[PDB]
């Protein structure tokens, strides 16, 4: 009863797309991200920039101190979405069991596939080659018996490579695997785990489930399971979006309600346009707002509401502005909608 799971992942996705479309950017350091004047961060960088230490989520000021010649690009999201739709259609030629996790990556369940003599390794290789043909973008892949190992594997022969983990290899792989490599174990969790002497899956294997449950709740069960190769999550091809959000960080903190109100007047049309692509009648479950202060605390207040309404969002923001700001400056304003359930 062993499944075959592929995780396909595009290499330097946004940057790879800008390089294809402009060959002049191929061996100079580039990154998609907001300027230092806009208080931005790096979305991603190409390998010539990564050589300097440039990483996704790095503050752009830090990026430029490591890499003074970094060329900064704003991003063409329609071009990324187009490449995303194309690779998902390529995925569909092999199976319908496709769970996309973002623009540039998907799980594929090829257990019941008849392609490539049932070889998941050859399927992943054909997919990567087909993506390179047709799109001139490279992809890496991971092959494993469960989702999370397949996703760890797609990183290990990046870029333009793949890695296969058979059931026989699972125990040696896990023994030395850092817990931080499991998707969903982030910096806070890894630091708590490290401070009790837990660094690898091998360490967690020597742990009692009951202790993990008390110390981390349902997360402790996940930790215990994953540390043993256990991951029964099914590839799910019918997930649907649940929310729509539009927010902006200002170049300077704002201190007057008039400034906050002006920002909302520009955010609202964008929220309406994006909601309308998926809900023409603008009917929704909740709507709300978000402020982030200069002490980097953030607050949201949202409520049941039947249909996108600009004035109520202004009204709510006013109340949040008056009631939870406490004299701090504001660096971000956001609008938010929760979608109806079906």
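Numbering follows the first chain given and starts at 1.
- Just going by the entry, 148-156 versus 248-256 on mean CA temperature factor gives the higher value to 248-256.
- The PDB entry reports B-factors from which the mean C-alpha value can be compared for 78-86 and 112-120; the larger average falls on 112-120.
- Remark: of 42, 70, 276, 289, 276 shows the highest value [criterion: C-alpha B-factor in the PDB entry].
- For the set 206, 226, 239, 199, the PDB entry assigns the largest Cα B-factor to 206.
- In the deposited entry, the Cα temperature factor of residue 36 places it in the middle third of its chain's modelled residues.
- Sort the modelled residues of the chain by CA B factor and residue 311 lands in the highest third.
- Among all modelled residues in its chain, residue 323 ranks in the highest third by Cα B-factor.
- The deposited CA B-factor of residue 340 belongs to the highest third of values across its chain.
- When the CA B factors of the chain's modelled residues are split into thirds, the value for residue 132 lands in the highest one.
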